[PDB]
Each structure stands twice: as structure tokens, then as C-alpha cells.
file entry-v5.pdb (PDB, C-alpha atoms and all ligand atoms)
ATOM      1  CA  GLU U   4      85.357  84.225 109.854  1.00  0.00           C
ATOM      2  CA  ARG U   5      86.509  83.707 106.285  1.00  0.00           C
ATOM      3  CA  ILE U   6      88.235  86.922 107.278  1.00  0.00           C
ATOM      4  CA  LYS U   7      89.937  85.156 110.186  1.00  0.00           C
ATOM      5  CA  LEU U   8      91.156  82.604 107.637  1.00  0.00           C
ATOM      6  CA  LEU U   9      93.464  85.175 106.028  1.00  0.00           C
ATOM      7  CA  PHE U  10      93.723  88.071 108.494  1.00  0.00           C
ATOM      8  CA  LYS U  11      94.756  88.882 112.038  1.00  0.00           C
ATOM      9  CA  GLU U  12      91.239  89.881 113.120  1.00  0.00           C
ATOM     10  CA  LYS U  13      92.215  92.283 115.907  1.00  0.00           C
ATOM     11  CA  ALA U  14      94.806  94.207 113.884  1.00  0.00           C
ATOM     12  CA  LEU U  15      92.464  94.287 110.894  1.00  0.00           C
ATOM     13  CA  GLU U  16      89.590  95.799 112.828  1.00  0.00           C
ATOM     14  CA  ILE U  17      91.909  98.454 114.299  1.00  0.00           C
ATOM     15  CA  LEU U  18      93.169  99.443 110.837  1.00  0.00           C
ATOM     16  CA  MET U  19      89.699  99.543 109.271  1.00  0.00           C
ATOM     17  CA  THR U  20      88.339 101.510 112.239  1.00  0.00           C
ATOM     18  CA  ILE U  21      90.978 104.162 111.624  1.00  0.00           C
ATOM     19  CA  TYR U  22      90.160 104.119 107.917  1.00  0.00           C
ATOM     20  CA  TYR U  23      86.384 104.593 108.240  1.00  0.00           C
ATOM     21  CA  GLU U  24      86.652 107.117 111.069  1.00  0.00           C
ATOM     22  CA  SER U  25      89.092 109.349 109.163  1.00  0.00           C
ATOM     23  CA  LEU U  26      87.108 108.949 105.938  1.00  0.00           C
ATOM     24  CA  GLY U  27      84.032 110.234 107.757  1.00  0.00           C
ATOM     25  CA  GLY U  28      85.939 113.347 108.830  1.00  0.00           C
ATOM     26  CA  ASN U  29      86.824 112.569 112.442  1.00  0.00           C
ATOM     27  CA  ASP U  30      90.185 112.979 114.097  1.00  0.00           C
ATOM     28  CA  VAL U  31      90.860 109.424 115.214  1.00  0.00           C
ATOM     29  CA  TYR U  32      91.392 109.090 118.958  1.00  0.00           C
ATOM     30  CA  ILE U  33      92.932 105.989 120.430  1.00  0.00           C
ATOM     31  CA  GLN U  34      90.075 105.861 122.962  1.00  0.00           C
ATOM     32  CA  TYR U  35      87.563 105.818 120.152  1.00  0.00           C
ATOM     33  CA  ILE U  36      89.275 102.891 118.424  1.00  0.00           C
ATOM     34  CA  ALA U  37      89.122 100.996 121.709  1.00  0.00           C
ATOM     35  CA  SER U  38      85.372 101.593 122.066  1.00  0.00           C
ATOM     36  CA  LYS U  39      84.839 100.186 118.564  1.00  0.00           C
ATOM     37  CA  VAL U  40      87.033  97.090 118.609  1.00  0.00           C
ATOM     38  CA  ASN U  41      87.142  94.098 120.958  1.00  0.00           C
ATOM     39  CA  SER U  42      90.560  94.850 122.474  1.00  0.00           C
ATOM     40  CA  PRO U  43      91.781  96.405 125.733  1.00  0.00           C
ATOM     41  CA  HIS U  44      93.345  99.871 125.482  1.00  0.00           C
ATOM     42  CA  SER U  45      96.834  98.478 125.998  1.00  0.00           C
ATOM     43  CA  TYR U  46      96.484  96.032 123.090  1.00  0.00           C
ATOM     44  CA  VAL U  47      95.229  98.781 120.798  1.00  0.00           C
ATOM     45  CA  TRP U  48      98.235 100.879 121.788  1.00  0.00           C
ATOM     46  CA  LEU U  49     100.576  97.956 121.014  1.00  0.00           C
ATOM     47  CA  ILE U  50      99.073  97.446 117.553  1.00  0.00           C
ATOM     48  CA  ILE U  51      99.178 101.203 116.820  1.00  0.00           C
ATOM     49  CA  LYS U  52     102.906 101.199 117.625  1.00  0.00           C
ATOM     50  CA  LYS U  53     103.427  98.279 115.241  1.00  0.00           C
ATOM     51  CA  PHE U  54     101.522 100.147 112.519  1.00  0.00           C
ATOM     52  CA  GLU U  55     103.683 103.184 113.225  1.00  0.00           C
ATOM     53  CA  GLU U  56     106.828 101.036 112.859  1.00  0.00           C
ATOM     54  CA  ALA U  57     105.463  99.830 109.515  1.00  0.00           C
ATOM     55  CA  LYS U  58     104.968 103.471 108.454  1.00  0.00           C
ATOM     56  CA  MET U  59     101.208 102.889 108.054  1.00  0.00           C
ATOM     57  CA  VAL U  60     100.097 105.375 110.733  1.00  0.00           C
ATOM     58  CA  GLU U  61     101.492 108.376 112.510  1.00  0.00           C
ATOM     59  CA  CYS U  62     100.355 109.431 115.938  1.00  0.00           C
ATOM     60  CA  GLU U  63     100.679 112.557 117.984  1.00  0.00           C
ATOM     61  CA  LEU U  64      99.619 113.877 121.358  1.00  0.00           C
ATOM     62  CA  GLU U  65      97.102 116.670 121.633  1.00  0.00           C
ATOM     63  CA  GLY U  66      97.281 117.411 125.345  1.00  0.00           C
ATOM     64  CA  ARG U  67      96.428 114.081 126.982  1.00  0.00           C
ATOM     65  CA  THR U  68      94.726 112.783 123.806  1.00  0.00           C
ATOM     66  CA  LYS U  69      96.482 110.426 121.395  1.00  0.00           C
ATOM     67  CA  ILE U  70      95.507 111.076 117.784  1.00  0.00           C
ATOM     68  CA  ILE U  71      96.190 108.539 115.041  1.00  0.00           C
ATOM     69  CA  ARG U  72      96.300 109.225 111.294  1.00  0.00           C
ATOM     70  CA  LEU U  73      96.903 106.905 108.320  1.00  0.00           C
ATOM     71  CA  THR U  74      99.946 107.600 106.183  1.00  0.00           C
ATOM     72  CA  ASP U  75      99.477 107.400 102.421  1.00  0.00           C
ATOM     73  CA  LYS U  76     100.846 103.862 102.726  1.00  0.00           C
ATOM     74  CA  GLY U  77      98.393 102.903 105.470  1.00  0.00           C
ATOM     75  CA  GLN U  78      95.546 104.403 103.468  1.00  0.00           C
ATOM     76  CA  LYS U  79      96.316 102.383 100.318  1.00  0.00           C
ATOM     77  CA  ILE U  80      96.510  99.174 102.327  1.00  0.00           C
ATOM     78  CA  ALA U  81      93.188  99.824 104.100  1.00  0.00           C
ATOM     79  CA  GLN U  82      91.545 100.553 100.756  1.00  0.00           C
ATOM     80  CA  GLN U  83      92.760  97.272  99.294  1.00  0.00           C
ATOM     81  CA  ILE U  84      91.625  95.340 102.366  1.00  0.00           C
ATOM     82  CA  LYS U  85      88.198  96.969 102.022  1.00  0.00           C
ATOM     83  CA  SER U  86      87.911  95.452  98.539  1.00  0.00           C
ATOM     84  CA  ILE U  87      89.028  92.013  99.782  1.00  0.00           C
ATOM     85  CA  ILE U  88      86.401  92.140 102.520  1.00  0.00           C
ATOM     86  CA  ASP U  89      83.756  93.092  99.925  1.00  0.00           C
ATOM     87  CA  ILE U  90      84.882  90.227  97.637  1.00  0.00           C
ATOM     88  CA  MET U  91      84.918  87.700 100.487  1.00  0.00           C
ATOM     89  CA  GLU U  92      81.365  88.602 101.526  1.00  0.00           C
ATOM     90  CA  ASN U  93      79.869  88.498  98.027  1.00  0.00           C
ATOM     91  CA  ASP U  94      79.186  85.015  96.644  1.00  0.00           C
TER
ATOM     92  CA  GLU R   4     106.827  90.476 109.322  1.00  0.00           C
ATOM     93  CA  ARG R   5     104.809  93.605 108.641  1.00  0.00           C
ATOM     94  CA  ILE R   6     102.901  90.937 106.759  1.00  0.00           C
ATOM     95  CA  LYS R   7     102.446  88.945 109.967  1.00  0.00           C
ATOM     96  CA  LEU R   8     101.016  92.131 111.484  1.00  0.00           C
ATOM     97  CA  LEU R   9      97.928  91.915 109.261  1.00  0.00           C
ATOM     98  CA  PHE R  10      97.881  88.379 107.836  1.00  0.00           C
ATOM     99  CA  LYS R  11      97.782  84.748 108.881  1.00  0.00           C
ATOM    100  CA  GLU R  12     101.228  83.964 107.449  1.00  0.00           C
ATOM    101  CA  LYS R  13     100.686  80.254 106.789  1.00  0.00           C
ATOM    102  CA  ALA R  14      97.326  80.650 105.038  1.00  0.00           C
ATOM    103  CA  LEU R  15      98.658  83.615 103.073  1.00  0.00           C
ATOM    104  CA  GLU R  16     101.652  81.740 101.730  1.00  0.00           C
ATOM    105  CA  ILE R  17      99.424  78.815 100.698  1.00  0.00           C
ATOM    106  CA  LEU R  18      97.069  81.129  98.786  1.00  0.00           C
ATOM    107  CA  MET R  19      99.869  83.050  97.063  1.00  0.00           C
ATOM    108  CA  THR R  20     101.654  79.800  96.184  1.00  0.00           C
ATOM    109  CA  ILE R  21      98.525  78.627  94.392  1.00  0.00           C
ATOM    110  CA  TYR R  22      98.238  82.002  92.678  1.00  0.00           C
ATOM    111  CA  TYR R  23     101.803  82.167  91.316  1.00  0.00           C
ATOM    112  CA  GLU R  24     101.917  78.489  90.365  1.00  0.00           C
ATOM    113  CA  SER R  25      98.679  78.665  88.351  1.00  0.00           C
ATOM    114  CA  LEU R  26      99.692  81.995  86.809  1.00  0.00           C
ATOM    115  CA  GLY R  27     102.883  80.362  85.557  1.00  0.00           C
ATOM    116  CA  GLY R  28     100.847  77.640  83.848  1.00  0.00           C
ATOM    117  CA  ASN R  29     101.188  74.719  86.254  1.00  0.00           C
ATOM    118  CA  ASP R  30      98.426  72.501  87.540  1.00  0.00           C
ATOM    119  CA  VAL R  31      98.738  73.078  91.270  1.00  0.00           C
ATOM    120  CA  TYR R  32      99.371  69.897  93.244  1.00  0.00           C
ATOM    121  CA  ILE R  33      98.891  69.800  96.974  1.00  0.00           C
ATOM    122  CA  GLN R  34     102.330  68.171  97.301  1.00  0.00           C
ATOM    123  CA  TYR R  35     103.896  71.069  95.468  1.00  0.00           C
ATOM    124  CA  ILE R  36     102.305  73.632  97.787  1.00  0.00           C
ATOM    125  CA  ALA R  37     103.726  71.701 100.729  1.00  0.00           C
ATOM    126  CA  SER R  38     107.254  71.773  99.282  1.00  0.00           C
ATOM    127  CA  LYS R  39     106.999  75.558  98.914  1.00  0.00           C
ATOM    128  CA  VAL R  40     105.492  76.581 102.244  1.00  0.00           C
ATOM    129  CA  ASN R  41     106.591  75.926 105.828  1.00  0.00           C
ATOM    130  CA  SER R  42     103.676  73.658 106.777  1.00  0.00           C
ATOM    131  CA  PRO R  43     103.187  69.893 107.115  1.00  0.00           C
ATOM    132  CA  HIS R  44     101.032  68.213 104.459  1.00  0.00           C
ATOM    133  CA  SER R  45      98.140  67.802 106.878  1.00  0.00           C
ATOM    134  CA  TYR R  46      98.067  71.527 107.706  1.00  0.00           C
ATOM    135  CA  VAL R  47      98.106  72.448 104.027  1.00  0.00           C
ATOM    136  CA  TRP R  48      95.189  70.078 103.478  1.00  0.00           C
ATOM    137  CA  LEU R  49      93.279  71.703 106.365  1.00  0.00           C
ATOM    138  CA  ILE R  50      93.790  75.205 104.959  1.00  0.00           C
ATOM    139  CA  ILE R  51      92.818  74.063 101.435  1.00  0.00           C
ATOM    140  CA  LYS R  52      89.540  72.710 102.838  1.00  0.00           C
ATOM    141  CA  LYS R  53      88.880  76.049 104.541  1.00  0.00           C
ATOM    142  CA  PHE R  54      89.563  77.869 101.263  1.00  0.00           C
ATOM    143  CA  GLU R  55      87.195  75.456  99.542  1.00  0.00           C
ATOM    144  CA  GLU R  56      84.508  76.223 102.155  1.00  0.00           C
ATOM    145  CA  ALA R  57      85.046  79.924 101.439  1.00  0.00           C
ATOM    146  CA  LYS R  58      84.565  79.228  97.710  1.00  0.00           C
ATOM    147  CA  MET R  59      88.093  80.509  96.971  1.00  0.00           C
ATOM    148  CA  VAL R  60      89.469  77.222  95.595  1.00  0.00           C
ATOM    149  CA  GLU R  61      88.137  74.033  94.123  1.00  0.00           C
ATOM    150  CA  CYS R  62      90.006  70.772  94.286  1.00  0.00           C
ATOM    151  CA  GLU R  63      89.736  67.480  92.509  1.00  0.00           C
ATOM    152  CA  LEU R  64      91.470  64.128  92.442  1.00  0.00           C
ATOM    153  CA  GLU R  65      93.426  63.028  89.412  1.00  0.00           C
ATOM    154  CA  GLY R  66      94.192  59.434  90.342  1.00  0.00           C
ATOM    155  CA  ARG R  67      96.053  59.724  93.651  1.00  0.00           C
ATOM    156  CA  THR R  68      96.972  63.383  92.986  1.00  0.00           C
ATOM    157  CA  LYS R  69      95.043  66.263  94.545  1.00  0.00           C
ATOM    158  CA  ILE R  70      94.809  69.258  92.225  1.00  0.00           C
ATOM    159  CA  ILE R  71      93.826  72.701  93.496  1.00  0.00           C
ATOM    160  CA  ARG R  72      92.526  75.606  91.401  1.00  0.00           C
ATOM    161  CA  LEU R  73      91.514  79.161  92.366  1.00  0.00           C
ATOM    162  CA  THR R  74      87.913  80.149  91.762  1.00  0.00           C
ATOM    163  CA  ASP R  75      87.310  83.584  90.262  1.00  0.00           C
ATOM    164  CA  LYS R  76      86.733  84.732  93.844  1.00  0.00           C
ATOM    165  CA  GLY R  77      89.999  83.238  95.093  1.00  0.00           C
ATOM    166  CA  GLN R  78      91.841  84.772  92.157  1.00  0.00           C
ATOM    167  CA  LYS R  79      90.568  88.309  92.839  1.00  0.00           C
ATOM    168  CA  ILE R  80      91.528  88.036  96.496  1.00  0.00           C
ATOM    169  CA  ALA R  81      95.050  86.782  95.706  1.00  0.00           C
ATOM    170  CA  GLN R  82      95.508  89.627  93.234  1.00  0.00           C
ATOM    171  CA  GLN R  83      94.524  92.214  95.826  1.00  0.00           C
ATOM    172  CA  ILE R  84      96.815  90.657  98.430  1.00  0.00           C
ATOM    173  CA  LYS R  85      99.655  90.798  95.895  1.00  0.00           C
ATOM    174  CA  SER R  86      99.193  94.574  95.701  1.00  0.00           C
ATOM    175  CA  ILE R  87      99.106  94.909  99.510  1.00  0.00           C
ATOM    176  CA  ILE R  88     102.342  92.942  99.766  1.00  0.00           C
ATOM    177  CA  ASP R  89     103.919  95.210  97.120  1.00  0.00           C
ATOM    178  CA  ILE R  90     102.708  98.333  98.989  1.00  0.00           C
ATOM    179  CA  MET R  91     103.938  97.040 102.353  1.00  0.00           C
ATOM    180  CA  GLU R  92     107.422  96.346 100.977  1.00  0.00           C
ATOM    181  CA  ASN R  93     107.845  99.689  99.206  1.00  0.00           C
ATOM    182  CA  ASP R  94     108.706 102.637 101.461  1.00  0.00           C
TER
HETATM  183 CL    CL S 101      91.975 115.446 110.551  1.00  0.00          CL
HETATM  184 CL    CL S 102     101.928 110.248 104.252  1.00  0.00          CL
HETATM  185 CL    CL S 103      95.288  74.103  84.466  1.00  0.00          CL
HETATM  186 CL    CL S 104      85.026  80.233  89.248  1.00  0.00          CL
END

call {"tool": "encode", "arguments": {"input": "entry-v5.pdb", "output": "C-alpha cells"}}
result
Amino acid sequence: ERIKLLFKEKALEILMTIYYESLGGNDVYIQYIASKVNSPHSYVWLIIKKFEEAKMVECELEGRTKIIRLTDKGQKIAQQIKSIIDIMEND
Amino acid sequence: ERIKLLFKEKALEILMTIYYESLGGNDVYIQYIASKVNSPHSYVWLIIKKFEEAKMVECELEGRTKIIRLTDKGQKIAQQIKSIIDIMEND
């Protein structure tokens, strides 16, 4: 909510979902991101393409499965956002 | 624009305006923030109140002049956003 004050909530949760899922050791599937966030599949896809345009993620097809990975740039950004979230939540 | 992808552009520019103005040594006046950002005075005031609620700024009246200052919390957040902006702009 203080988060909504500064961030686009939907795009943020997509980015951080990719971050935590990859950090945990999972290949990140677009379907998985959808199950975790409050957006329809088509909206997730749209945001992923925007991230790709911004050189923050790369995606590739493995058969019928879309896999998303953070670029070094996307990773740094997610890490910094993680700290902002921490700071915002700690009074 | 990649900024708009993740951030609320209007709130962001208000926060960073406070950050750079204070860093330069100015008392930050609400009127000044308005001259720098693309928002009407009343919208700036609304955002400032939200920041105040989030304990990121404090404001006070000096006569008829509203002065805004970042709290330690607001300062840390602005600093982290500064790095994100830098990262986003450097390919
Ligand atoms: Cl992997
Ligand atoms: Cl990379
Ligand atoms: Cl001062
Ligand atoms: Cl303080």
C-alpha cells in the first residue's frame, strides 16, 4: 500500500516473483508467475515483453513452455527493490 | 518510460525532487516542488500527505510557507531509487 504509493503493483509483483523463484533455484515458467500474482496470463505476458524490451529479462521457449530469466540488469534492479520494500516495512 | 514500467511517475518525481533539492542545501518548499514536476499544487499536496503517512517526509509551516523534509526512512528510499534509475538508464 505504501508500496502502491511509489510502484506499479502488478509489474512489481511479477518482477519480484521472478527474482525469488530464480534465487530459490527454479526455472521460472510464465504459468508459475501467473499462479503467484493477481494478473491474468495475458497481462503477465504483456509485462514480461515490456521487461524484455527494457533488457531486464530474457525469455525462451522450451517446447510449449515459456521460461523467463533475469538479465544482470534485471537482477540488480530486483535486488534494490527488495531493499526498498524492506525499508518501507520497517518503522 | 522504463521508469513508468515499475514506478508511479508522478509520486517518483516528487520524491526525487525533494531528495535533490535537500541534497543541494535548499529548504524544500511545496511551491518549488510544483514548479519542478508536472502536477498541480493540489496533487503535490496529496502525495506529500501520503509520504507523511508513510513516515517518509515531515512537513511544517513557516508562516504561509509549507516546508518538506525527508525522514531518514524517506532518504534511504530515495537513495535506492536513484540507483535503480541509474541502472535502468545504463545498458
Ligand atoms: Cl536455471
Ligand atoms: Cl545478462
Ligand atoms: Cl534545511
Ligand atoms: Cl528522521

call {"tool": "calpha_fit_and_write", "arguments": {"input": "entry-v5.pdb", "fixed": "chain R", "moving": "chain U", "output": "mmCIF file with C-alpha atoms, in the coordinates of the input"}}
result
data_model
loop_
_atom_site.group_PDB
_atom_site.id
_atom_site.type_symbol
_atom_site.label_atom_id
_atom_site.label_comp_id
_atom_site.auth_asym_id
_atom_site.auth_seq_id
_atom_site.Cartn_x
_atom_site.Cartn_y
_atom_site.Cartn_z
ATOM 1 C CA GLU U 4 106.827 90.476 109.322
ATOM 2 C CA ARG U 5 104.809 93.606 108.641
ATOM 3 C CA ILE U 6 102.902 90.938 106.758
ATOM 4 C CA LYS U 7 102.445 88.945 109.967
ATOM 5 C CA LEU U 8 101.016 92.131 111.484
ATOM 6 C CA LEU U 9 97.928 91.915 109.261
ATOM 7 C CA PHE U 10 97.881 88.379 107.836
ATOM 8 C CA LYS U 11 97.783 84.748 108.881
ATOM 9 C CA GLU U 12 101.228 83.964 107.449
ATOM 10 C CA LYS U 13 100.686 80.254 106.789
ATOM 11 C CA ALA U 14 97.326 80.650 105.038
ATOM 12 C CA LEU U 15 98.659 83.615 103.073
ATOM 13 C CA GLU U 16 101.653 81.740 101.730
ATOM 14 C CA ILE U 17 99.423 78.815 100.698
ATOM 15 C CA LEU U 18 97.069 81.129 98.787
ATOM 16 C CA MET U 19 99.869 83.051 97.063
ATOM 17 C CA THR U 20 101.654 79.800 96.184
ATOM 18 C CA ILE U 21 98.525 78.627 94.392
ATOM 19 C CA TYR U 22 98.239 82.002 92.678
ATOM 20 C CA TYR U 23 101.803 82.167 91.316
ATOM 21 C CA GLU U 24 101.917 78.489 90.364
ATOM 22 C CA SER U 25 98.679 78.665 88.352
ATOM 23 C CA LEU U 26 99.692 81.995 86.809
ATOM 24 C CA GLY U 27 102.884 80.362 85.557
ATOM 25 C CA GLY U 28 100.847 77.640 83.847
ATOM 26 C CA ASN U 29 101.188 74.719 86.253
ATOM 27 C CA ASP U 30 98.426 72.501 87.540
ATOM 28 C CA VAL U 31 98.738 73.077 91.270
ATOM 29 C CA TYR U 32 99.371 69.897 93.244
ATOM 30 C CA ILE U 33 98.891 69.801 96.974
ATOM 31 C CA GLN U 34 102.330 68.171 97.301
ATOM 32 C CA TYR U 35 103.896 71.069 95.468
ATOM 33 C CA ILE U 36 102.305 73.632 97.787
ATOM 34 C CA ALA U 37 103.726 71.700 100.729
ATOM 35 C CA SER U 38 107.254 71.773 99.281
ATOM 36 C CA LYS U 39 106.999 75.558 98.914
ATOM 37 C CA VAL U 40 105.492 76.580 102.244
ATOM 38 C CA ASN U 41 106.592 75.926 105.827
ATOM 39 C CA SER U 42 103.676 73.658 106.778
ATOM 40 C CA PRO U 43 103.188 69.893 107.115
ATOM 41 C CA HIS U 44 101.032 68.213 104.459
ATOM 42 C CA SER U 45 98.140 67.802 106.878
ATOM 43 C CA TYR U 46 98.067 71.527 107.706
ATOM 44 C CA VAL U 47 98.105 72.448 104.027
ATOM 45 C CA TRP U 48 95.189 70.079 103.478
ATOM 46 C CA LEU U 49 93.279 71.703 106.365
ATOM 47 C CA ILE U 50 93.790 75.204 104.959
ATOM 48 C CA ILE U 51 92.818 74.064 101.435
ATOM 49 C CA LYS U 52 89.540 72.710 102.838
ATOM 50 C CA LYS U 53 88.880 76.049 104.541
ATOM 51 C CA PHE U 54 89.563 77.869 101.263
ATOM 52 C CA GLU U 55 87.195 75.456 99.542
ATOM 53 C CA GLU U 56 84.508 76.223 102.155
ATOM 54 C CA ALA U 57 85.046 79.924 101.439
ATOM 55 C CA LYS U 58 84.565 79.227 97.710
ATOM 56 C CA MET U 59 88.093 80.509 96.971
ATOM 57 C CA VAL U 60 89.470 77.222 95.595
ATOM 58 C CA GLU U 61 88.137 74.034 94.123
ATOM 59 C CA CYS U 62 90.005 70.772 94.286
ATOM 60 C CA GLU U 63 89.736 67.481 92.509
ATOM 61 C CA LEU U 64 91.470 64.128 92.442
ATOM 62 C CA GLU U 65 93.426 63.028 89.413
ATOM 63 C CA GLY U 66 94.192 59.434 90.341
ATOM 64 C CA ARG U 67 96.052 59.725 93.651
ATOM 65 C CA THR U 68 96.972 63.383 92.987
ATOM 66 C CA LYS U 69 95.043 66.263 94.545
ATOM 67 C CA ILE U 70 94.809 69.259 92.225
ATOM 68 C CA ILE U 71 93.827 72.701 93.496
ATOM 69 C CA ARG U 72 92.526 75.606 91.400
ATOM 70 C CA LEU U 73 91.514 79.160 92.365
ATOM 71 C CA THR U 74 87.913 80.149 91.763
ATOM 72 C CA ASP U 75 87.310 83.584 90.262
ATOM 73 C CA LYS U 76 86.733 84.733 93.844
ATOM 74 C CA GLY U 77 89.999 83.237 95.093
ATOM 75 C CA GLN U 78 91.840 84.772 92.157
ATOM 76 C CA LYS U 79 90.568 88.309 92.839
ATOM 77 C CA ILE U 80 91.528 88.036 96.496
ATOM 78 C CA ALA U 81 95.050 86.782 95.705
ATOM 79 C CA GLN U 82 95.508 89.627 93.234
ATOM 80 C CA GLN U 83 94.523 92.214 95.826
ATOM 81 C CA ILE U 84 96.815 90.657 98.431
ATOM 82 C CA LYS U 85 99.655 90.798 95.895
ATOM 83 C CA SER U 86 99.193 94.574 95.701
ATOM 84 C CA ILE U 87 99.105 94.909 99.509
ATOM 85 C CA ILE U 88 102.342 92.942 99.766
ATOM 86 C CA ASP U 89 103.920 95.211 97.120
ATOM 87 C CA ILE U 90 102.708 98.334 98.988
ATOM 88 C CA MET U 91 103.938 97.041 102.354
ATOM 89 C CA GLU U 92 107.422 96.346 100.978
ATOM 90 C CA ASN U 93 107.845 99.689 99.206
ATOM 91 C CA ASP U 94 108.705 102.636 101.461
#

call {"tool": "interface_residues", "arguments": {"input": "entry-v5.pdb", "of": "chain U", "to": "chain R", "cutoff": "9 Å", "atoms": "all atoms listed in the file", "output": "ChimeraX atom specification"}}
result
/U:5,7-15,50,53-54,56-59,76-77,79-81,83-84,86-88,90-91,93-94

call {"tool": "residues_around", "arguments": {"input": "entry-v5.pdb", "residues": "residue 62 of chain U", "least_positions_apart": "6", "cutoff": "8 Å", "atoms": "all atoms listed in the file", "output": "list in words"}}
result
residues 55, 69, 70, 71 and 72 of chain U

call {"tool": "residues_near_ligand", "arguments": {"input": "entry-v5.pdb", "ligand": "ligand CL 102 (chain S)", "cutoff": "8 Å", "atoms": "all atoms listed in the file", "output": "ChimeraX atom specification"}}
result
/U:73-76

call {"tool": "residues_near_ligand", "arguments": {"input": "entry-v5.pdb", "ligand": "ligand CL 103 (chain S)", "cutoff": "7 Å", "atoms": "all atoms listed in the file", "output": "PyMOL selection string"}}
result
chain R and resi 25+28-30

call {"tool": "atom_distance", "arguments": {"input": "entry-v5.pdb", "atom1": "atom CA of residue 60 of chain U", "atom2": "atom CA of residue 78 of chain U"}}
result
8.6 Å

call {"tool": "atom_distance", "arguments": {"input": "entry-v5.pdb", "atom1": "atom CA of residue 17 of chain R", "atom2": "atom CA of residue 36 of chain R"}}
result
6.6 Å

call {"tool": "axis_aligned_box", "arguments": {"input": "entry-v5.pdb", "around": "segment 48-60 of chain U", "padding_each_side": "6 Å", "output": "lines of an AutoDock Vina configuration file"}}
result
center_x = 102.5
center_y = 101.4
center_z = 114.9
size_x = 20.6
size_y = 19.9
size_z = 25.7

call {"tool": "atom_distance", "arguments": {"input": "entry-v5.pdb", "atom1": "atom CA of residue 63 of chain R", "atom2": "atom CA of residue 51 of chain R"}}
result
11.5 Å

call {"tool": "resolve_selection", "arguments": {"input": "entry-v5.pdb", "expression": "the PyMOL selection byres (((chain U and resi 34) around 12) and not hetatm)", "output": "number ranges by chain"}}
result
U: 17, 20-21, 30-33, 35-40, 42-48, 51, 67-71

call {"tool": "write_last_selection", "arguments": {"input": "entry-v5.pdb", "atoms": "C-alpha atoms", "output": "short mmCIF file (atom, residue, chain, number, x, y, z; two decimals), keeping the file's coordinate frame"}}
result
data_model
loop_
_atom_site.label_atom_id
_atom_site.label_comp_id
_atom_site.auth_asym_id
_atom_site.auth_seq_id
_atom_site.Cartn_x
_atom_site.Cartn_y
_atom_site.Cartn_z
CA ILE U 17 91.91 98.45 114.30
CA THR U 20 88.34 101.51 112.24
CA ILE U 21 90.98 104.16 111.62
CA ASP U 30 90.18 112.98 114.10
CA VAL U 31 90.86 109.42 115.21
CA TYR U 32 91.39 109.09 118.96
CA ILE U 33 92.93 105.99 120.43
CA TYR U 35 87.56 105.82 120.15
CA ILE U 36 89.28 102.89 118.42
CA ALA U 37 89.12 101.00 121.71
CA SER U 38 85.37 101.59 122.07
CA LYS U 39 84.84 100.19 118.56
CA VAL U 40 87.03 97.09 118.61
CA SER U 42 90.56 94.85 122.47
CA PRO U 43 91.78 96.40 125.73
CA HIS U 44 93.34 99.87 125.48
CA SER U 45 96.83 98.48 126.00
CA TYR U 46 96.48 96.03 123.09
CA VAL U 47 95.23 98.78 120.80
CA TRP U 48 98.24 100.88 121.79
CA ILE U 51 99.18 101.20 116.82
CA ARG U 67 96.43 114.08 126.98
CA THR U 68 94.73 112.78 123.81
CA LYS U 69 96.48 110.43 121.40
CA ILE U 70 95.51 111.08 117.78
CA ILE U 71 96.19 108.54 115.04
#
